């Protein structure tokens, strides 16, 4: 009704009408800008305006500064948004980040257990509630888009991202797609499968990743080839993408991996033919980081081809993330030369705009300062603590069938020992994608280590001694009632985590042997995956697979001291040796140390 009315700016109008109205006004430069996502590290107000940039991200560890507050994050994001809103059309950018176990790049964010442990809970409603809390903590920092969930079905634990997979069993991964409506909100009653959805300003856009077969690569080699017939691809690796469509996942990220030698980032048949045309996905498809570069061998050796192949394959938004001028220049040339039709550009931009309008981003482009206090909120930590406890799998509770069960341990004892490299190391208990991509060691954020949790749990008369790596004599002479010893993997992600031997670093086993040799012991194993465990088992009275439980170490002691019983069950096969791999439930020659679904129980004290 005002004389300067512009339909796309009218919040009362249907999303599709707003999309069409804006699209019809855009120049080629404005269109290609929407398709471009850049790192905050290369962003400036002029770059964002002049190139009509559609999206920014923080990669792992890409932060305004170490220890930044929620408000500092909001101010940074809003500064970028102010630049984007100052363009001719005022299209807001969407800011993405890997919030994969909480808002994990941010100091003081609640850190939830990694996905493998969540699979052990068999509790999809718990995972939904984690999505809900994670959305609040992401919005606390002004960010609107999380690159989660990873719905890989990890079929070989030698993969460095196996901890990002809920299970080797697709049925468990499918169940855990409940993360999506946690992050985004529940879809309405009449909802069409494949449409994008986000409820509003207190929720975030989600991302089902990495499409498809990322968990199926040969020998678990990250980014490698997945060799499997269509029937197996569709039976193992694809199903959870359909659940994600049904729950309105807003975006899908493409895998670095290949399927039978075809790069996913160049696979028109799967990206356009299947995801878009068969599953009816109507959100946007985003590349992985320099994913189009890696289409070629060597990577980046023909970036012109990378742009052509990826955009023709059906990708909508490119996580460049640094060389935006080159990306934009090359894509512009391809359109100008008729190599890429305007129809393909218009489809990509239609999808990007659909997600942005749907989620309310044109109505609330800026951060809400009242949300900053959601970061690290005690209610969310209480949830993480529940999740950590439910994730724990009890593998042994007594050396013989006639021994007294060691767990639960008594809170009142004259003197107890807490030992091991992982007993008082917050970074190690969080693992990868915590503060940095690869994670880190020591007190990297706000949390409670296993040692701190023990001290918070025990009777006031119980003396707690910590020794990181005590010798056998120290233990034998110490007058201890029992010991809790924690060891395991160091933090990792992506290719750095690929590991053909799956043996934990020393000292780990040597400390368990020294401790358990002198006093009854409960071994807590911190890992992203099954690892060689027979020697640890042989030494230990009790052993718990605690995965990567996150910031809330009291989840571990909640079960050790019997406040709750152990309930977790293995979401993966535990192998006898790495020579067996790959080896999954349902295989012909299945000879596990512990089958998928195994877990001992205790009752609460």
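Residue numbers count along the first chain shown, from 1.
J.: Can you tell me whether 34-42 has a higher mean C-alpha B factor than 571-579 in this record, or the other way round?
T.: Mean C-alpha B-factor is greater for 571-579.
J.: Read off the CA B-factors in the entry, average them over 472-480 and over 386-394, and name the higher stretch.
T.: Per the PDB record, 472-480.
J.: Kindly indicate the residue among 74, 501, 81, 165 with the greatest C-alpha B-factor in the PDB record.
T.: That would be 501.
J.: In this PDB entry, which of 431, 96, 488, 273 has the top CA B-factor?
T.: Result of the comparison over 431, 96, 488, 273: 273.
J.: Where does residue 117 sit by CA temperature factor within its chain: lowest, middle or highest third?
T.: Answer is lowest: the recorded C-alpha B-factor places it there.
J.: Thinking about Cα B factors across the chain, which third does residue 241 belong to?
T.: Its C-alpha B-factor, which the entry lists for residue 241, ranks in the middle third among residues of this chain.
J.: Sorting the chain's CA B-factors, does residue 416 end up in the lowest, middle or highest third?
T.: For residue 416, the deposited C-alpha B-factor lands in the lowest third.
J.: Sorting by Cα B-factor within the chain, modelled residues only, which third would residue 541 end up in: lowest, middle or highest?
T.: According to the entry, residue 541 has a C-alpha B-factor in the chain's middle third.
J.: Can you work out whether the C-alpha temperature factor of residue 250 puts it in the lowest, middle or highest third of the chain?
T.: Residue 250: CA B-factor falls in the lowest third of its chain.
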